[PDB]
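Residue numbers (the working numbering), protein chains in the order written: chain A, 1 to 252; chain B, 1 to 252; chain C, 1 to 252; chain D, 1 to 59; chain E, 1 to 59.
See below for the structure under consideration.
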Amino acid sequence: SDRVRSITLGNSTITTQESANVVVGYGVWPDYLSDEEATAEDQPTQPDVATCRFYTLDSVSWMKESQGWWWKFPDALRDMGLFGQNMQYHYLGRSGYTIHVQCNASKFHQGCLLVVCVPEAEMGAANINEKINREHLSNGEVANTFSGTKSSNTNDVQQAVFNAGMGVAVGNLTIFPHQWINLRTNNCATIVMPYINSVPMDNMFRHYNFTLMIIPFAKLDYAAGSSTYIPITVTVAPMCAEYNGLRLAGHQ
Amino acid sequence: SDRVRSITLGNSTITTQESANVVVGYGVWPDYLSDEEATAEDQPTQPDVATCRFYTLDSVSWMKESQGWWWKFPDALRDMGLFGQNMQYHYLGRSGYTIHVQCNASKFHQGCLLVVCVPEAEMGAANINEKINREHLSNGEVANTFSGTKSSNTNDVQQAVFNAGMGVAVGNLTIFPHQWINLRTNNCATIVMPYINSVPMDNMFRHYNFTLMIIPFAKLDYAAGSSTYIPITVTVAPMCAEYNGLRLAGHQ
Amino acid sequence: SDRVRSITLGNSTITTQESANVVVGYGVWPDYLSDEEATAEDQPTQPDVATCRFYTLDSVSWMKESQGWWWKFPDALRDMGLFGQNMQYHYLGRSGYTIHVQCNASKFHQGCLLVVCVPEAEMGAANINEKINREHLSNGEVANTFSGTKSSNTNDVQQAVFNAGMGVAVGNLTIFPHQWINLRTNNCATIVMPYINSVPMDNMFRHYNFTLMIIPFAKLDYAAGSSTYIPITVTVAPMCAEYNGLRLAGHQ
Amino acid sequence: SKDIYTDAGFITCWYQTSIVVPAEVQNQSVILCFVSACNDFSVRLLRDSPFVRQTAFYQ
Amino acid sequence: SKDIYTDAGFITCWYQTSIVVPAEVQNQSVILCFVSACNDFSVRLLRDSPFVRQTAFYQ
C-alpha cells in the first residue's frame with residue numbers, strides 16, 4: 001500500500017509507516033528561478049547538499065488543555081547550520097520548503113490536530129494601538145502558544161484560538177495546504193510548500209514569509225492509565241535554495 | 001481489498017468499512033415477474049425510486065443476557081412511507097429484499113451474532129391449544145424477543161432459543177441465507193433475499209413471507225470499564241417491487 | 001499478502017495467520033543422498049509418510065523472569081512414533097528438519113524471543129573438570145532451562161544466558177538460522193534446517209546434531225489485568241528421511 | 001436571504017447503533033463536519049453582505 | 001448404528017499454546033464447531049430414523 005513513505009534530502013532521511021499523503025502546495029513543485037523572472041544580475045550560490053536537508057526544531061508537549069502553536073518560517077531556522085550562515089551573509093534568499101511533523105500515539109488515545117501553512121500571516125496585537133515586540137511573533141525554534149481565552153497582555157500577540165491571530169474564522173482556515181493528524185490512523189503530516197511571494201527574490205530577515213499553525217480541534221483525551229506526555233516534533237527542510245548578494249555579516 | 005462495500009438504492013446509501021460479503025439468497029438475483037409466470041392481467045405499478053430504498057426499523061440493545069429477536073418481513077414495513085401506502089392500497093404484492101444489519105463494537109469486545117432469514121417461519125404457541133394474537137408474532141418495527149427458558153405465557157409465542165420457535169434444532173438453522181457477525185472482524189451483515197413463494201404474486205397483509213432471526217451464540221462479554229450499551233440496528237430495502245389490483249383502502 | 005502461510009507434511013498441517021517468513025537454512029533445501037556421496041551399500045528405507053510429519057513436543061511457560069530453553073534435536077524425538085522406532089532399529093540415519101514454534105500474545109503484550117538453530121552446540125560443564133550426565137544436556141521433549149546467574153551445580157550444564165553454554169558471546173549468536181518472535185507482529189517462527197554434518201550418514205543416538213535455543217531478550221512485560229500464563233509450543237517435522245543398517249533393537 | 005417561498009431541507013443525524021468502546025478508553029468523542037460544493041454549483045446576483053457593520057472612518 | 005466392527009476415529013483438541021490476552025479484556029472465550037461433508041460423501045440404505053417416538057394419532 002501507500003502508507004509507507006520515504007523522503008531522502010541530502011544526508012537526512014525520514015521514514016514513516018503511517019503517513020497520509022504529500023500535499024504539494026498549490027500543485028507547483030519547487031524550482032530554481034528561471035531567467036524569465038530574473039531581477040538581479042550577480043551569480044547566486046546554490047549549495048544543494050549542505051542546505052537542502054532536514055533540520056529539527058524544538059519539541060513541544062500536548063496536554064489535555066493545550067491551545068496551539070505557531071512558527072514563523074524564514075526566521076525559526078535563523079541558527080540551524082549553513083542554512084543559517086547563508087541566511088546571514090547574504091541579502092536575498094529564495095527557497096522552497098518541506099514540512100514534516102512527527103506526533104505519535106497509541107490506539108487507546110484519541111484527538112486530532114490541524115497543520116496549516118498560512119502565507120503572510122500578519123497577526124494582530126493584543127491591545128489595539130500597541131507595537132508588537134520581535135520576541136513575541138517569533139522566538140526562533142522556541143514555539144509560541146495560543147491562549148484560548150481573550151488574551152490581554154502588553155506588547156503581546158492577540159492569542160485567541162477562534163480568530164487564528166489574523167481575525168479570520170478559524171474553521172475557514174483550511175483553504176491553505178492543510179492536513180489532519182487524526183491520532184487513530186496517522187503518524188505524521190507532510191506539506192511541500194513552494195515559495196509564494198510577490199517579489200522573485202526576497203530578504204530572509206526583514207520578511208516573515210509564512211506561519212505554520214498547529215491548532216488542536218479534538219483534545220487529547222485518554223484513560224487514567226496511559227502515558228500523559230505525548231510530544232509534538234516538527235522537522236522541515238528547504239528546497240531549491242539560492243542566495244543573492246553576498247555582503248558583510250550581521251543584520252541591522 | 002474487498003472490505004469496503006457501498007450499496008446505492010434510490011436516495012439512501014449504506015457505506016461500511018468492515019463488511020464480510022453479500023449472500024445472494026440461493027444464487028438468484030431479484031427480478032420482475034416475466035410473463036411466462038403471469039397470472040393476473042391488469043397493469044402493475046412499479047415505482048422503483050420511492051419504494052426501492054432503505055427503510056430503517058427500530059434499534060434494540062444487546063446486554064450480556066439477551067436471547068434473541070425476530071421480525072416478520074412483509075409486515076414490519078407496514079407503515080414505512082410509500083412502500084406502506086402501496087402495500088395498503090393494493091391487493092397483490094411482489095418484491096425482493098436487501099437486509100443490512102448495523103452493529104459495531106471495539107476491539108476489546110467479544111461476541112457473535114447469527115443473522116438468518118428463514119422463509120415461512122411458522123411458530124408454535126406457548127400453550128398447546130391456544131390461539132396466538134396478531135400482536136405477539138409481530139409488532140411492526142418493534143422487535144419481539146426470545147426467552148431462554150421454557151416460556152409459559154398466555155396467548156404468546158413459544159419463546160425458546162433452543163427451538164427457534166418452530167421446534168427445529170437451532171444449531172441446524174444455518175441452511176438458509178445466514179451470516180455471522182463475529183464482533184472481532186465485522187461491522188455488519190448483508191443478505192440479499194429474493195422472493196420465494198409458491199404463488200407468483202401474493203398479498204402482503206394476510207401472508208407473513210419470512211422471519212429475520214438474530215440469535216446470539218457468543219454472549220456480549222467485555223471488561224468492567226467499556227461501554228455497556230451496544231445497540232443493534234437493522235435497515236432493509238425492497239427490490240423489484242410491483243403491485244397488482246388497486247382497490248379501496250384498508251384491510252379486513 | 002504473505003502473512004498467511006500453510007505447510008502440509010504427510011497428515012499434519014500448520015496454518016498460521018501472522019507468520020514472518022521461512023528461513024531455508026543456508027539456502028540449501030533438504031534432499032536425499034545422491035550417489036556421488038554414497039558410503040554404505042545396502043538399500044535404505046525411506047518411509048516418507050509415517051516419518052515426514054509434524055511431531056509436537058512439550059509446551060513450556062514464559063513468565064516475566066524466564067531465562068531460556070534448549071532442545072537437542074536428534075534426541076528429543078527419541079520416542080515420537082515411527083520416527084522413534086526407525087531411529088531405534090537402525091544404525092545410520094539422515095534427515096532434514098522443519099522447525100515451527102507457536103507462541104501467541106495479544107496486542108497489549110510486549111516482548112521478543114530469539115529462535116536460533118545452532119549446529120554442534122557442544123556445551124561446557126558447570127564445574128571445570130566434571131563429567132556431564134546424559135539427563136542434563138537433554139531430557140527428551142522435556143525442555144532444559146538456562147539460569148541467568150552463574151550456575152554452580154554438580155554434574156550440570158553451565159547455565160548462563162550471557163554465554164549460551166558454549167562460551168560464545170550470546171549477542172553474536174545470530175550467524176545461524178535465526179528468527180525473532182517479536183510479540184507485536186508475529187505468531188510463530190519457521191526454520192527449515194538442512195542436515196549439516198561432516199559424515200554423510202550418521203547415527204542418531206551417539207551424536208547430538210544440533211540444539212534449538214530459545215532465549216528471551218525482551219522480557220514478557222504486561223499490565224496488571226492481562227493473562228499471565230503465555231505458553232511456548234514447539235512442533236518440528238523431519239524431511240527427506242532415510243535409514244541405513246537395520247539391526248536388533250536397543251542402544252548400548 | 002431568509003424567506004418562506006424557498007425552503008431547502010433539514011439535515012438530521014441519528015444513531016443507527018450506539019458507540020461500543022472497550023475498556024480503558026474514554027467514552028465520549030468528537031465528530032467534525034465539513035462543507036463544500038459539487039460540480040454544478042452557481043451564484044447569480046451580487047450585493048453587499050450583511051456582515052459589514054461600521055460607523056466612521058478608520059483614521 | 002453403534003457397533004464394534006466399524007469404529008472411526010477420536011477427535012481431540014489440545015492447547016498448542018495458551019491464550020495470551022492483554023489487560024482490560026475478559027479471560028474466557030467461546031469456540032464454535034461446524035460440520036459438513038466433502039466431495040465424495042455417500043449413503044446407501046434407507047430405513048426409519050430412531051427419533052420418531054409417537055403413541056397415538058394426532059386428532
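In this text, a Cβ means the ideal position worked out from N, Cα and C, and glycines have one as well.
Checking 9 Å against the spacing of the C-beta atoms, do residue i and residue j come in under that value?
{"i": "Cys117 (chain A)", "j": "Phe210 (chain A)", "result": "yes"}
{"i": "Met80 (chain A)", "j": "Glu141 (chain A)", "result": "yes"}
{"i": "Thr235 (chain C)", "j": "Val24 (chain C)", "result": "no"}
{"i": "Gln110 (chain B)", "j": "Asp221 (chain B)", "result": "yes"}
{"i": "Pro74 (chain A)", "j": "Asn244 (chain A)", "result": "no"}
{"i": "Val21 (chain E)", "j": "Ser227 (chain C)", "result": "yes"}
{"i": "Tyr26 (chain B)", "j": "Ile196 (chain B)", "result": "yes"}
{"i": "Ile230 (chain A)", "j": "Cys103 (chain A)", "result": "yes"}
{"i": "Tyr208 (chain A)", "j": "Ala121 (chain A)", "result": "yes"}
{"i": "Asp202 (chain B)", "j": "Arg94 (chain B)", "result": "yes"}
{"i": "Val52 (chain E)", "j": "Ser106 (chain C)", "result": "no"}
{"i": "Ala126 (chain B)", "j": "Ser152 (chain B)", "result": "yes"}
{"i": "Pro216 (chain A)", "j": "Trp71 (chain A)", "result": "no"}
{"i": "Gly250 (chain C)", "j": "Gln17 (chain C)", "result": "no"}
{"i": "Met213 (chain C)", "j": "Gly96 (chain C)", "result": "no"}
{"i": "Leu173 (chain C)", "j": "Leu114 (chain C)", "result": "yes"}
{"i": "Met193 (chain C)", "j": "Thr98 (chain C)", "result": "yes"}
{"i": "residue 259 (chain A)", "j": "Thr51 (chain A)", "result": "The question about residue 259 (chain A) has no answer, for chain A in this structure spans 1 to 252."}
{"i": "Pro119 (chain B)", "j": "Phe162 (chain B)", "result": "no"}
{"i": "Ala237 (chain A)", "j": "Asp48 (chain A)", "result": "no"}
{"i": "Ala143 (chain B)", "j": "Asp42 (chain B)", "result": "no"}
Taking C-beta pairs closer than 7 Å, name the residues in chain B that residue i reaches, listed in chain order.
{"i": "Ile31 (chain D)", "result": "Within chain B, no residue comes near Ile31 (chain D); the closest Cβ sits about 15 Å away, beyond 7 Å."}
{"i": "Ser18 (chain D)", "result": "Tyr229, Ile230, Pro231"}
Taking the beta strand (DSSP E) that residue i belongs to, which residues open and close that run?
{"i": "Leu9 (chain A)", "result": "Element bounds for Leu9 (chain A): n/a, residue is neither H nor E."}
{"i": "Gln110 (chain B)", "result": "110 to 112"}
{"i": "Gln159 (chain B)", "result": "Counting along the chain, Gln159 (chain B) falls outside any beta strand (DSSP E), and DSSP gives it neither H nor E."}
{"i": "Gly93 (chain C)", "result": "92 to 96"}
{"i": "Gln88 (chain C)", "result": "Segment 81 to 88 is the alpha helix (DSSP H) holding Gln88 (chain C); no beta strand (DSSP E) there."}
{"i": "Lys219 (chain B)", "result": "218 to 221"}
{"i": "residue 262 (chain B)", "result": "Because residue 262 (chain B) is not part of the residues shown, which for chain B are 1 to 252, the question remains open."}
In chain H, what lies closer than 8 Å to residue i by C-beta?
{"i": "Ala23 (chain D)", "result": "Although the question refers to chain H, the structure presented lacks it and instead comprises the protein chains A, B, C, D and E."}
Residues of chain D with CB under 7 Å from residue i, in chain order?
{"i": "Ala121 (chain B)", "result": "The premise fails here: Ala121 (chain B) is roughly 25 Å from chain D at the closest Cβ pair, so nothing lies under 7 Å."}
{"i": "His109 (chain B)", "result": "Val20, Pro22"}
Can you pull the chain E neighbours of residue i, defined as C-beta to C-beta under 8 Å?
{"i": "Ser106 (chain C)", "result": "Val20, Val21, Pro22, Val25"}
Provide the residue span of the alpha helix (DSSP H) that contains residue i, from first to last.
{"i": "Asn244 (chain C)", "result": "Unbroken run through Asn244 (chain C) is the beta strand (DSSP E), 239 to 244; no alpha helix (DSSP H)."}
{"i": "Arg134 (chain A)", "result": "134 to 137"}
{"i": "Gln43 (chain B)", "result": "Element bounds for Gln43 (chain B): n/a, residue is neither H nor E."}
{"i": "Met213 (chain B)", "result": "Note, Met213 (chain B): premise wrong, no alpha helix (DSSP H); beta strand (DSSP E) at 210 to 214."}
What does residue i reach in chain B if we use C-beta pairs closer than 9 Å?
{"i": "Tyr15 (chain D)", "result": "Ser59, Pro231, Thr233"}
Residues in the region 225 to 252 of chain A having any Cβ partner in chain D nearer than 9 Å
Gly225, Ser226
Below 8 Å, can you find three or more Cβ-Cβ pairs linking the region 152 to 168 of chain C to the region 186 to 195 of chain C?
No: the two stretches stay apart, fewer than three of their Cβ pairs being nearer than 8 Å.
Give the residues from the region 171 to 195 of chain C that approach chain E closer than 9 Å (Cβ to any Cβ), ordered along the chain.
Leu183
What residues in the region 39 to 70 of chain B have a beta carbon less than 9 Å from any beta carbon of chain D?
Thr56, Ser59, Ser61
For the region 86 to 105 of chain C, which residues have a beta carbon sitting closer than 9 Å to at least one beta carbon of chain E?
Cβ contacts with chain E come from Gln102, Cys103, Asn104, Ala105.
For the region 203 to 224 of chain B, list every residue whose C-beta sits within 8 Å of some C-beta in chain D, in sequence order.
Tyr222, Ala223, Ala224
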